[PDB]
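Participant: For reference, the structure I am asking about is given below.
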Amino acid sequence: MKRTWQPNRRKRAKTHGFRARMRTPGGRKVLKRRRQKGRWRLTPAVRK
Amino acid sequence: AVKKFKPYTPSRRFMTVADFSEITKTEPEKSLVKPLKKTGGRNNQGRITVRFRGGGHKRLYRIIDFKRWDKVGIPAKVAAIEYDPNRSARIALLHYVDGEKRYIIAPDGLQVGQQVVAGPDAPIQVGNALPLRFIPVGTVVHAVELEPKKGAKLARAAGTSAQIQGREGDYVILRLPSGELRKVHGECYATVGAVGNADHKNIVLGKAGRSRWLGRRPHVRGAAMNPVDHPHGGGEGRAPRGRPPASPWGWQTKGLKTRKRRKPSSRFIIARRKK
RNA sequence: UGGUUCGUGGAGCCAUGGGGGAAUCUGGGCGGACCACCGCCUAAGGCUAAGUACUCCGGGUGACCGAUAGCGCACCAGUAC
RNA sequence: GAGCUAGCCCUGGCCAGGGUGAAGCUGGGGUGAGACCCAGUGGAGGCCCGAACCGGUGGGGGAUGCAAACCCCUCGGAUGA
RNA sequence: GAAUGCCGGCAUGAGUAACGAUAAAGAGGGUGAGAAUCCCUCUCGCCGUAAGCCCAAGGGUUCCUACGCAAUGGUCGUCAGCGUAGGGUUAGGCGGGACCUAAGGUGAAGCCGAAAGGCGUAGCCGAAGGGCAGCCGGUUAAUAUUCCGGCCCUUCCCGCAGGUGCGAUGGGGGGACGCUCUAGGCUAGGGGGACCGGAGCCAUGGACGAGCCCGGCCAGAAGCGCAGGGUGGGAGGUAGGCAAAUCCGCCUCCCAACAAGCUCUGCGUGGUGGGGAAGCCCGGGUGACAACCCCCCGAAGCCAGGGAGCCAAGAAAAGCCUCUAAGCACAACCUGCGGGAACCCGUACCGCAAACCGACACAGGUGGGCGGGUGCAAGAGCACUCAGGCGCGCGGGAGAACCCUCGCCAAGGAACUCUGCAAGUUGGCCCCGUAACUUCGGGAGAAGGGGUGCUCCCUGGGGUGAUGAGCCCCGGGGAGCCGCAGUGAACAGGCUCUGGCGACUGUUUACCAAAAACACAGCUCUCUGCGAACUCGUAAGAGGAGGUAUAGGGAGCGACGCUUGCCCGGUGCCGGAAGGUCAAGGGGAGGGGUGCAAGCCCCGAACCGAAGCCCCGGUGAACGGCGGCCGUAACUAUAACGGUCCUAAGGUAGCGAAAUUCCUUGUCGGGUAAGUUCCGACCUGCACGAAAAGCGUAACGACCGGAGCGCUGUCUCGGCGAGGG
RNA sequence: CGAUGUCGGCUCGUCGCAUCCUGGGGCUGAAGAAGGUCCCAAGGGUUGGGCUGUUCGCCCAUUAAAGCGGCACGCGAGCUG
RNA sequence: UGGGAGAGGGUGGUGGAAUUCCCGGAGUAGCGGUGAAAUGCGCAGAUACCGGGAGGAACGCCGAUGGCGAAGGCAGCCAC
RNA sequence: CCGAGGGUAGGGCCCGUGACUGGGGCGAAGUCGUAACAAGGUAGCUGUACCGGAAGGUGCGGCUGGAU
RNA sequence: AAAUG
RNA sequence: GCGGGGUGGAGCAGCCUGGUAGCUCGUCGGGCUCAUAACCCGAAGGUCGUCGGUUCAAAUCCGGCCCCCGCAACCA
Ligand SMILES: [Mg+2]
Ligand SMILES: [Mg+2]
Ligand SMILES: [Mg+2]
Ligand SMILES: [Mg+2]
Ligand SMILES: [Mg+2]
Ligand SMILES: [Mg+2]
Ligand SMILES: [Mg+2]
Ligand SMILES: [Mg+2]
Ligand SMILES: [Mg+2]
Ligand SMILES: [Mg+2]
Ligand SMILES: [Mg+2]
Ligand SMILES: [Mg+2]
Ligand SMILES: [Mg+2]
Ligand SMILES: [Mg+2]
Ligand SMILES: [Mg+2]
Ligand SMILES: [Mg+2]
Ligand SMILES: [Mg+2]
Ligand SMILES: [Mg+2]
Ligand SMILES: [Mg+2]
Ligand SMILES: [Mg+2]
Ligand SMILES: [Mg+2]
Ligand SMILES: [Mg+2]
Ligand SMILES: [Mg+2]
Ligand SMILES: [Mg+2]
Ligand SMILES: [Mg+2]
Ligand SMILES: [Mg+2]
Ligand SMILES: [Mg+2]
Ligand SMILES: [Mg+2]
Ligand SMILES: [Mg+2]
Ligand SMILES: [Mg+2]
Ligand SMILES: [Mg+2]
Ligand SMILES: [Mg+2]
Ligand SMILES: [Mg+2]
Ligand SMILES: [Mg+2]
Ligand SMILES: [Mg+2]
Ligand SMILES: [Mg+2]
Ligand SMILES: [Mg+2]
Ligand SMILES: [Mg+2]
Ligand SMILES: [Mg+2]
Ligand SMILES: [Mg+2]
Ligand SMILES: [Mg+2]
Ligand SMILES: [Mg+2]
Ligand SMILES: [Mg+2]
Ligand SMILES: [Mg+2]
Ligand SMILES: [Mg+2]
Ligand SMILES: [Mg+2]
Ligand SMILES: [Mg+2]
Ligand SMILES: [Mg+2]
Ligand SMILES: [Mg+2]
Ligand SMILES: [Mg+2]
Ligand SMILES: [Mg+2]
Ligand SMILES: [Mg+2]
Ligand SMILES: [Mg+2]
Ligand SMILES: [Mg+2]
Ligand SMILES: [Mg+2]
Ligand SMILES: [Mg+2]
Ligand SMILES: [Mg+2]
Ligand SMILES: [Mg+2]
Ligand SMILES: [Mg+2]
Ligand SMILES: [Mg+2]
Ligand SMILES: [Mg+2]
Ligand SMILES: [Mg+2]
Ligand SMILES: [Mg+2]
Ligand SMILES: [Mg+2]
Ligand SMILES: [Mg+2]
Ligand SMILES: [Mg+2]
Ligand SMILES: [Mg+2]
Ligand SMILES: [Mg+2]
Ligand SMILES: [Mg+2]
Ligand SMILES: [Mg+2]
Ligand SMILES: [Mg+2]
Ligand SMILES: [Mg+2]
Ligand SMILES: [Mg+2]
Ligand SMILES: [Mg+2]
Ligand SMILES: [Mg+2]
Ligand SMILES: [Mg+2]
Ligand SMILES: [Mg+2]
Ligand SMILES: [Mg+2]
Ligand SMILES: [Mg+2]
Ligand SMILES: [Mg+2]
Ligand SMILES: [Mg+2]
Ligand SMILES: [Mg+2]
Ligand SMILES: [Mg+2]
Ligand SMILES: [Mg+2]
Ligand SMILES: [Mg+2]
Ligand SMILES: [Mg+2]
Ligand SMILES: [Mg+2]
Ligand SMILES: [Mg+2]
Ligand SMILES: [Mg+2]
Ligand SMILES: [Mg+2]
Ligand SMILES: [Mg+2]
Ligand SMILES: [Mg+2]
Ligand SMILES: [Mg+2]
Ligand SMILES: [Mg+2]
Ligand SMILES: [Mg+2]
Ligand SMILES: [Mg+2]
Ligand SMILES: [Mg+2]
Ligand SMILES: [Mg+2]
Ligand SMILES: [Mg+2]
Ligand SMILES: [Mg+2]
Ligand SMILES: [Mg+2]
Ligand SMILES: [Mg+2]
Ligand SMILES: [Mg+2]
Ligand SMILES: [Mg+2]
Ligand SMILES: [Mg+2]
Ligand SMILES: [Mg+2]
Ligand SMILES: [Mg+2]
Ligand SMILES: [Mg+2]
Ligand SMILES: [Mg+2]
Ligand SMILES: [Mg+2]
Ligand SMILES: [Mg+2]
Ligand SMILES: [Mg+2]
Ligand SMILES: [Mg+2]
Ligand SMILES: [Mg+2]
Ligand SMILES: [Mg+2]
Ligand SMILES: [Mg+2]
Ligand SMILES: [Mg+2]
Ligand SMILES: [Mg+2]
Ligand SMILES: [Mg+2]
Ligand SMILES: [Mg+2]
Ligand SMILES: [Mg+2]
Ligand SMILES: [Mg+2]
Ligand SMILES: [Mg+2]
Ligand SMILES: [Mg+2]
Ligand SMILES: [Mg+2]
Ligand SMILES: [Mg+2]
Ligand SMILES: [Mg+2]
Ligand SMILES: [Mg+2]
Ligand SMILES: [Mg+2]
Ligand SMILES: [Mg+2]
Ligand SMILES: [Mg+2]
Ligand SMILES: [Mg+2]
Ligand SMILES: [Mg+2]
Ligand SMILES: [Mg+2]
Ligand SMILES: [Mg+2]
Ligand SMILES: [Mg+2]
Ligand SMILES: [Mg+2]
Ligand SMILES: [Mg+2]
Ligand SMILES: [Mg+2]
Ligand SMILES: [Mg+2]
Ligand SMILES: [Mg+2]
Ligand SMILES: [Mg+2]
Ligand SMILES: [Mg+2]
Ligand SMILES: [Mg+2]
Ligand SMILES: [Mg+2]
Ligand SMILES: [Mg+2]
Ligand SMILES: [Mg+2]
Ligand SMILES: [Mg+2]
Ligand SMILES: [Mg+2]
Ligand SMILES: [Mg+2]
Ligand SMILES: [Mg+2]
Ligand SMILES: [Mg+2]
Ligand SMILES: [Mg+2]
Ligand SMILES: [Mg+2]
Ligand SMILES: [Mg+2]
Ligand SMILES: [Mg+2]
Ligand SMILES: [Mg+2]
Ligand SMILES: [Mg+2]
Ligand SMILES: [Mg+2]
Ligand SMILES: [Mg+2]
Ligand SMILES: [Mg+2]
Ligand SMILES: [Mg+2]
Ligand SMILES: [Mg+2]
Ligand SMILES: [Mg+2]
Ligand SMILES: [Mg+2]
Ligand SMILES: [Mg+2]
Ligand SMILES: [Mg+2]
Ligand SMILES: [Mg+2]
Ligand SMILES: [Mg+2]
Ligand SMILES: [Mg+2]
Ligand SMILES: [Mg+2]
Ligand SMILES: [Mg+2]
Ligand SMILES: [Mg+2]
Ligand SMILES: [Mg+2]
Ligand SMILES: [Mg+2]
Ligand SMILES: [Mg+2]
Ligand SMILES: [Mg+2]
Ligand SMILES: [Mg+2]
Ligand SMILES: [Mg+2]
Ligand SMILES: [Mg+2]
Ligand SMILES: [Mg+2]
Ligand SMILES: [Mg+2]
Ligand SMILES: [Mg+2]
Ligand SMILES: [Mg+2]
Ligand SMILES: [Mg+2]
Ligand SMILES: [Mg+2]
Ligand SMILES: [Mg+2]
Ligand SMILES: [Mg+2]
Ligand SMILES: [Mg+2]
Ligand SMILES: [Mg+2]
Ligand SMILES: [Mg+2]
Ligand SMILES: [Mg+2]
């Protein structure tokens, strides 16, 4: 049966991407929250 | 002049289609078309503002000249009559002696190859457009500018027409297709005659398919829903309304006058619509 | 309408969205409706250190913990997953 | 968070084969002229039988399963919403 | 010591369930300490519109080589998608970018919002759309249209010659399009051949044969040829294409019009360049100087922007062509030749799966192309099979019960059971033949019969060719042969009668309901005159709609047929410059506080004062409602009539123990040996009823009842046999 | 109530006696045959079908007779639903 | 051949009287209706009277015991 | 080969029959109305249409077989 | 106005 | 189980708020008619379901019983 995860590299980058985060005050806060916690990757990775 | 079909399929029993008799050209004029962006009933926000629309066959919009006072006193030969999927009216292609080409709505009885012209001194002849004050009272007319130099807004649907009942001051009095009587300014241009394709209302669709082809998505009753969705919803088994029939939003749908009262156009309306 | 202890209360005072709209000291505001007396202070321009607040950072010290405790992590942790 | 699901918009792709035989057109008959009748050509349709493809009617098995919805037989639509 | 406590650890169940499809295995020979599991060979089975091959998405070194087996692999393991190390991805022409735009996103201008921010024309981004120049062959353990060989091609820069008013982000043309059917001519591909090439083979009773088996092509510049696409030529006038303009458009004249010509492709040929088997011998070598031809079938693909028909009326920008403007004409553009230049990223491998999405090497899910041969009417169906790929990563024994899945049965044939649930029967093509009823299409494949294999003779027609032969495609008649059975295996409807419901194909509770529910054309009401009504948003702004009452929103009913009665008292809506009511405000009679006072401050009647409400009316396809008790006919029984209280007004037509009937298995009739269900009637309708529509209706239904035939392991009633456990 | 699965049917039984048959009797308004009522007696037996979800019941065709009841209205870690 | 009559028929166009409804002026205690009343209407300003507008239907006198058509039927006026 | 006939299947016409139902026919003195023959007390009738316990009433149009 | 025998 | 009702012969007022029973038809008597109905003028008839209680006094207010309709009987 078709499951919930059908990966698409263009989508993952346009939706959760870094340039997407910067464009909204929410997403900007998303980055600030992750840096303070000290995560190693602020954005999901994708090879493009 | 509608055509029928033998009932060789159950949906084809009652279907009817237009004869397409007056149509002289199978394809439009390239220079006069542009893309009609299908809205799907959704606005710039993305929300649906009008339910149950979209999914219709793809169409190319055909530019219409709702301002014939543009080219005053320059005649034109009726080149052809084409089919427009963007309105109920047939349209007619015009080749001006000026060389420019334009579409106008095709009035009834307009035959290809005749002269049409617009101007205060233009003859009273089907197809010619004049300001209202220069049109004999009583004559049929259509494609009426509501206000001067703002584009024809009235009497554009298939077979519609507007009549002239008299003049008062700068304004003239019309009987709109709805029956309403309204003072319209004389300087508003208007095309004489009645809109063509009068048999449009006798088209029997035939099946749910043709509802979709035109872009009409299925419309579901209110009583077939649930409380959160519609006022009529819910109820064990089938059920009557149980309240004054109300729109999905609460305001009643049985004879509730919606027009704003203090609208300044009230001064210029003489008689509310008839029937 | 808001602030003040003040929830329309006798409800001033400070601030103010709408309306009407003065004076230049013999001008003006306040002393809890309002009046008089007697007093206080000069609105509608602006700046001003020190005394106060916090602890990512450095140090000192614990009748603070001692690897299920103590920061989630004494160890390659905001990692594996 | 619409990479599942629901709707819409932009742009591409797919639907073996077979059967039925609408209108129209040509001829002939007919009539004052017509309607109309018959044979032929014609190839319409949310038409029929039926793969792919999209479904999930009935039964059985599976029930710590191959599987947090599957497998077998059977069954519906299959040029159209 | 307990909180189905938290964390961790070790037991129990238990050597029990299970080892992930029942497509299947055996033997021999290698290596190794060790082998059913690794490798080589022979034999056997499995898919073959794939379980084969090529892409795209996703995955990220899993590809190749060497060396290894603690763990990973549902057992083992020398093996591997695992561990270690080395190696491996080559492009002007394939794809993407330095070109274009679509939804959409962003957004100079501009608008909006407490802040954050939200809109918005031009512009810009945005592709699996448009546009764009490479085909075949070889080679590596691994890459190749990328390296190599042969034959082609594009753009840019410079130089040169020839030609011309050159020049663009501005004008115009073109790009440029739907669904169904479809002509002609080719190619892909396929079949045959006594013709050409070939190593061989004679078996086991026959065959030295016109015998068997293998193979008989691919690409190709200019030119040529066949087949199609596209486009008329000149002159004059011009006010339109937001400047100009010879271009375009419009008008007039002249010549040409299925043409011809000019132009672009597609196929064939083409200098020339490669490929090239079975078999035998150890991936290579031979075969071989390999041959490379003829006939038939033939595309959904190519010519292509073909043609016809129809209604729902079928993208934009750029490249390309032309037109002119500043400018500039020592230039610049174009055509041709020569010499130079040509950058970034991707190329391995998996890719219907053990490497992707499902926690797993998971019986599930994943878009596009090719997908061969024979036969069965056909076909991507079924069966067998080529190339190619696998036997699904535990086996070996035994031959109990029991479950799963499958096969058979005496006599009976629904007695089973809630129900024929299930399993049988029927089954494809041909010809005869086919009822009520109907909306004239239908019902209808109704039903129900007969034929079907092979051989000999005779004979019609079509395609190809040429008109014949050859090959191919359709048939027709006569005489005969065999078997239990001739669509001899596999794929392939049981049928009929009568009700309720819904018109119909369709849609839904992904994941227990596919229905009688939703939707649907169609009917009716009602709203809206444009900056519409309505909707989203505080707004701006959008949608409505680049629509205009034959249009648009809202509500109910749901084809069509015949119809839809009475009540407007209450509620809702519509109408109603009177009156009554009514807050702010106006108004200020009249009072009060205080000051010596001028004055300051507060209370405050009548009267003037919108919508709304009361009040008068209208309105049912608006919300809703539509009586009781009593008497009476020359038998009885029942009341067509009458009496009386009440209502706003008292249920009309049609139907009715119904999807509704409590009493109920109402009563009568049918069908049955027997019928609480079903069917037809009756009517005292506990409690149908006319757009929450009423009564019907041909056709349709994996909907829900009742009946019959056919056939059956459903059953009396069980028995045997097969395979996986 | 940190679960005692609830009607009916199939399957499989087992018990009680207030016995329906069969056996042994008393009385009889018992002539015989055949019955009526009561006593003893539970060893064995107690059919098939129609309708309804039915238990019960009604009906058809038989029968020696077509008995009533208990075992969680026996029995769902056995099934049906 | 030449003439005559006629509501014979079909299409298009057109005239006034009257009825109802709306707007304006003026005006007030009833109008309307029957055998006689009542329902209705009317101070929220009706009837009656003046001016203006919209819309449909039928064609007074002429006209008749008349004319035309096969029949049903055909009547303002102009034209084809 | 034909063939009496027998079996199977589906049609056609006719006769009888059937819960129930529709009107109709007649049948000395049932009930309720009074529509027609007088201008029947609303002139009659007719075709058609809707409505009514019943005859009948009304609408449109036609006839005189209508009197004064 | 106004029925029936 | 809950609600309403019973009164001349029939169908209803009066009951709430005690003192007085009324409306229509019918029945009876007499009128008009040839006669009947219709119509006109008169007239009679009800101790309020029953029983008990309160009160000076009960159709009337309160209790018990009979009958008459009407509503409810739900989760299992
Ligand atoms: Mg997951
Ligand atoms: Mg997807
Ligand atoms: Mg992608
Ligand atoms: Mg780091
Ligand atoms: Mg958005
Ligand atoms: Mg919602
Ligand atoms: Mg609501
Ligand atoms: Mg409701
Ligand atoms: Mg409901
Ligand atoms: Mg209901
Ligand atoms: Mg509103
Ligand atoms: Mg406050
Ligand atoms: Mg308070
Ligand atoms: Mg207080
Ligand atoms: Mg305050
Ligand atoms: Mg100051
Ligand atoms: Mg200051
Ligand atoms: Mg601190
Ligand atoms: Mg510190
Ligand atoms: Mg310590
Ligand atoms: Mg220590
Ligand atoms: Mg710790
Ligand atoms: Mg320790
Ligand atoms: Mg530890
Ligand atoms: Mg978002
Ligand atoms: Mg989506
Ligand atoms: Mg395919
Ligand atoms: Mg086909
Ligand atoms: Mg097909
Ligand atoms: Mg075909
Ligand atoms: Mg065909
Ligand atoms: Mg056929
Ligand atoms: Mg044709
Ligand atoms: Mg013809
Ligand atoms: Mg035909
Ligand atoms: Mg044909
Ligand atoms: Mg089928
Ligand atoms: Mg089908
Ligand atoms: Mg799918
Ligand atoms: Mg679905
Ligand atoms: Mg299933
Ligand atoms: Mg199941
Ligand atoms: Mg499950
Ligand atoms: Mg199927
Ligand atoms: Mg079908
Ligand atoms: Mg479509
Ligand atoms: Mg304890
Ligand atoms: Mg537990
Ligand atoms: Mg426990
Ligand atoms: Mg063991
Ligand atoms: Mg055990
Ligand atoms: Mg075991
Ligand atoms: Mg085992
Ligand atoms: Mg199997
Ligand atoms: Mg071995
Ligand atoms: Mg193995
Ligand atoms: Mg990739
Ligand atoms: Mg090795
Ligand atoms: Mg292992
Ligand atoms: Mg490795
Ligand atoms: Mg190259
Ligand atoms: Mg560059
Ligand atoms: Mg761009
Ligand atoms: Mg700005
Ligand atoms: Mg911004
Ligand atoms: Mg934006
Ligand atoms: Mg492309
Ligand atoms: Mg390219
Ligand atoms: Mg490779
Ligand atoms: Mg190659
Ligand atoms: Mg090369
Ligand atoms: Mg020049
Ligand atoms: Mg030029
Ligand atoms: Mg252009
Ligand atoms: Mg062809
Ligand atoms: Mg072939
Ligand atoms: Mg060959
Ligand atoms: Mg050969
Ligand atoms: Mg040879
Ligand atoms: Mg031999
Ligand atoms: Mg062979
Ligand atoms: Mg060639
Ligand atoms: Mg040509
Ligand atoms: Mg020309
Ligand atoms: Mg010129
Ligand atoms: Mg010009
Ligand atoms: Mg110009
Ligand atoms: Mg020119
Ligand atoms: Mg030219
Ligand atoms: Mg070529
Ligand atoms: Mg050699
Ligand atoms: Mg040789
Ligand atoms: Mg050919
Ligand atoms: Mg194709
Ligand atoms: Mg093409
Ligand atoms: Mg074409
Ligand atoms: Mg555009
Ligand atoms: Mg551009
Ligand atoms: Mg110049
Ligand atoms: Mg590759
Ligand atoms: Mg698959
Ligand atoms: Mg594939
Ligand atoms: Mg694999
Ligand atoms: Mg495996
Ligand atoms: Mg798998
Ligand atoms: Mg996996
Ligand atoms: Mg093929
Ligand atoms: Mg094939
Ligand atoms: Mg074949
Ligand atoms: Mg054969
Ligand atoms: Mg197959
Ligand atoms: Mg093989
Ligand atoms: Mg594979
Ligand atoms: Mg494997
Ligand atoms: Mg056998
Ligand atoms: Mg048997
Ligand atoms: Mg047998
Ligand atoms: Mg039988
Ligand atoms: Mg039974
Ligand atoms: Mg049944
Ligand atoms: Mg069932
Ligand atoms: Mg079955
Ligand atoms: Mg029949
Ligand atoms: Mg027929
Ligand atoms: Mg048949
Ligand atoms: Mg044979
Ligand atoms: Mg019926
Ligand atoms: Mg029924
Ligand atoms: Mg349906
Ligand atoms: Mg479901
Ligand atoms: Mg509709
Ligand atoms: Mg209408
Ligand atoms: Mg708003
Ligand atoms: Mg707006
Ligand atoms: Mg707009
Ligand atoms: Mg509408
Ligand atoms: Mg409905
Ligand atoms: Mg209905
Ligand atoms: Mg109604
Ligand atoms: Mg009402
Ligand atoms: Mg009302
Ligand atoms: Mg109102
Ligand atoms: Mg006031
Ligand atoms: Mg004083
Ligand atoms: Mg008011
Ligand atoms: Mg009501
Ligand atoms: Mg009697
Ligand atoms: Mg009735
Ligand atoms: Mg009723
Ligand atoms: Mg009726
Ligand atoms: Mg129903
Ligand atoms: Mg019976
Ligand atoms: Mg019977
Ligand atoms: Mg039966
Ligand atoms: Mg039932
Ligand atoms: Mg009864
Ligand atoms: Mg009903
Ligand atoms: Mg009802
Ligand atoms: Mg109704
Ligand atoms: Mg019905
Ligand atoms: Mg119906
Ligand atoms: Mg019918
Ligand atoms: Mg029906
Ligand atoms: Mg269906
Ligand atoms: Mg059935
Ligand atoms: Mg069995
Ligand atoms: Mg067995
Ligand atoms: Mg076995
Ligand atoms: Mg427990
Ligand atoms: Mg329970
Ligand atoms: Mg005993
Ligand atoms: Mg005993
Ligand atoms: Mg006894
Ligand atoms: Mg005995
Ligand atoms: Mg005895
Ligand atoms: Mg019973
Ligand atoms: Mg029995
Ligand atoms: Mg027992
Ligand atoms: Mg019990
Ligand atoms: Mg059930
Ligand atoms: Mg079930
Ligand atoms: Mg003459
Ligand atoms: Mg007036
Ligand atoms: Mg009055
Ligand atoms: Mg009055
Ligand atoms: Mg005559
Ligand atoms: Mg015979
Ligand atoms: Mg015979
Ligand atoms: Mg009447
Ligand atoms: Mg009488
Ligand atoms: Mg009492
Ligand atoms: Mg008493």
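In the structure tokens, chains take letters A, B, ... by order of appearance, with residues numbered from 1 within each chain and ligands from 1 in the order shown.
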Taking a cut-off of 10 Å and counting only C-alpha atoms (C1' of nucleotides) and all ligand atoms, can you build a table that, for each residue of chain E near ligand 95, reports the nearest atom pair and how far apart they are in Å (one decimal), sorted by chain then residue number, as a Markdown table?

Facilitator:
| residue | atom | partner | partner_atom_place_in_ligand_line | distance |
| --- | --- | --- | --- | --- |
| E:301 | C1' | ligand 95 | 1 (Mg) | 9.9 |
| E:302 | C1' | ligand 95 | 1 (Mg) | 8.8 |
| E:303 | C1' | ligand 95 | 1 (Mg) | 8.8 |
| E:304 | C1' | ligand 95 | 1 (Mg) | 4.4 |
| E:305 | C1' | ligand 95 | 1 (Mg) | 8.0 |
| E:306 | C1' | ligand 95 | 1 (Mg) | 8.4 |

Participant: Name each residue within 12 Å of ligand 123, counting only C-alpha atoms (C1' of nucleotides) and all ligand atoms, as a list in words.

Facilitator: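 Listed by chain and ascending number, the contacts are residues 434, 435, 436, 437, 443, 446, 447, 496, 497 and 498 of chain E; 10 and 11 of chain H.
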
Participant: Excluding same-chain residues fewer than 4 positions from range 19-31 of chain J, what lies within 9 Å of it counting only C-alpha atoms (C1' of nucleotides), as a PyMOL selection string?

Facilitator: (chain E and resi 643-644) or (chain J and resi 9-14+40-44+46+57+59)

Participant: What are the DSSP strand (DSSP E or B) residues of range 22-263 of chain B, as a ChimeraX atom specification?

Facilitator: /B:33-35,42,48,53,60-62,76-82,91-96,101-105,107,115-116,118,129-131,140-142,144-145,152-154,162-168,171-175,181-185,189-192,195,216,246,252

Participant: Give me a file of those residues, with C-alpha atoms, as a short mmCIF file (atom, residue, chain, number, x, y, z; two decimals), in the first residue's frame.

Facilitator:
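To be explicit, this is the file written out as result_4.cif:
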data_model
loop_
_atom_site.label_atom_id
_atom_site.label_comp_id
_atom_site.auth_asym_id
_atom_site.auth_seq_id
_atom_site.Cartn_x
_atom_site.Cartn_y
_atom_site.Cartn_z
CA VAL B 33 -7.41 36.13 -28.33
CA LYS B 34 -5.60 35.64 -25.04
CA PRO B 35 -5.53 33.02 -22.27
CA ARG B 42 -10.58 30.28 -5.64
CA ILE B 48 -12.84 28.88 -2.33
CA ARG B 53 -16.96 25.54 -9.77
CA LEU B 60 -9.26 30.91 -24.88
CA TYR B 61 -10.71 34.32 -24.10
CA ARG B 62 -11.85 36.42 -27.04
CA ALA B 76 -17.03 48.01 -41.01
CA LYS B 77 -18.15 44.94 -42.93
CA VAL B 78 -19.49 42.00 -40.97
CA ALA B 79 -16.77 39.48 -41.71
CA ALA B 80 -18.00 36.32 -39.99
CA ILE B 81 -19.94 34.94 -37.03
CA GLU B 82 -18.01 32.76 -34.61
CA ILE B 91 -20.07 37.01 -31.73
CA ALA B 92 -19.34 38.57 -35.11
CA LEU B 93 -15.92 39.43 -36.50
CA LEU B 94 -15.58 42.92 -37.96
CA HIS B 95 -13.18 44.07 -40.68
CA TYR B 96 -13.11 47.85 -40.54
CA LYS B 101 -10.42 44.04 -36.74
CA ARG B 102 -12.65 43.67 -33.68
CA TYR B 103 -15.31 41.37 -32.26
CA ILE B 104 -18.76 42.42 -31.09
CA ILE B 105 -21.66 40.41 -29.71
CA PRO B 107 -27.33 40.52 -32.41
CA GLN B 115 -22.04 47.51 -43.05
CA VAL B 116 -22.11 48.44 -39.38
CA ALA B 118 -21.09 53.70 -34.68
CA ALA B 129 -24.39 51.73 -32.14
CA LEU B 130 -25.49 55.20 -31.04
CA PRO B 131 -25.81 57.20 -27.83
CA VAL B 140 -35.06 47.54 -29.11
CA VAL B 141 -31.42 47.88 -28.10
CA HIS B 142 -28.64 46.03 -26.28
CA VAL B 144 -25.86 49.34 -23.13
CA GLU B 145 -23.26 51.36 -21.29
CA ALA B 152 -21.33 48.20 -22.22
CA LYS B 153 -22.65 46.49 -19.10
CA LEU B 154 -26.29 45.66 -19.93
CA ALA B 162 -33.63 46.44 -23.67
CA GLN B 163 -36.41 48.81 -24.71
CA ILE B 164 -36.73 52.60 -24.63
CA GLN B 165 -39.83 53.90 -22.84
CA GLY B 166 -39.13 57.63 -22.76
CA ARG B 167 -36.75 60.47 -21.98
CA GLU B 168 -36.45 62.81 -18.99
CA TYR B 171 -31.34 60.67 -19.06
CA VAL B 172 -33.46 58.11 -20.90
CA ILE B 173 -35.73 55.44 -19.43
CA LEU B 174 -35.19 51.77 -20.29
CA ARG B 175 -36.97 48.48 -19.62
CA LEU B 181 -37.13 50.53 -15.21
CA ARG B 182 -34.02 52.68 -14.79
CA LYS B 183 -32.93 56.16 -15.82
CA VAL B 184 -29.80 55.78 -17.98
CA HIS B 185 -27.79 58.74 -19.23
CA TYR B 189 -23.83 54.24 -26.11
CA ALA B 190 -25.94 51.22 -27.02
CA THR B 191 -26.16 48.75 -29.91
CA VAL B 192 -29.57 48.47 -31.58
CA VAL B 195 -28.84 39.62 -28.90
CA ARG B 216 -20.18 23.29 -13.00
CA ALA B 246 -31.35 29.47 5.31
CA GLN B 252 -32.65 33.19 4.90
#

Participant: What lies within 9 Å of range 11-16 of chain F using only C-alpha atoms (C1' of nucleotides), ignoring chain neighbours under 5 positions off, as a list in words?

Facilitator: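 Skipping anything fewer than 5 positions along the chain leaves residues 42, 69, 70, 71, 75, 78 and 79 of chain F.
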
Participant: Identify, counting only C-alpha atoms (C1' of nucleotides) and all ligand atoms, the protein, DNA and RNA residues located within 10 Å of ligand 2, and give them as a ChimeraX atom specification.

Facilitator: /A:2-8 /D:3-4 /E:366-367
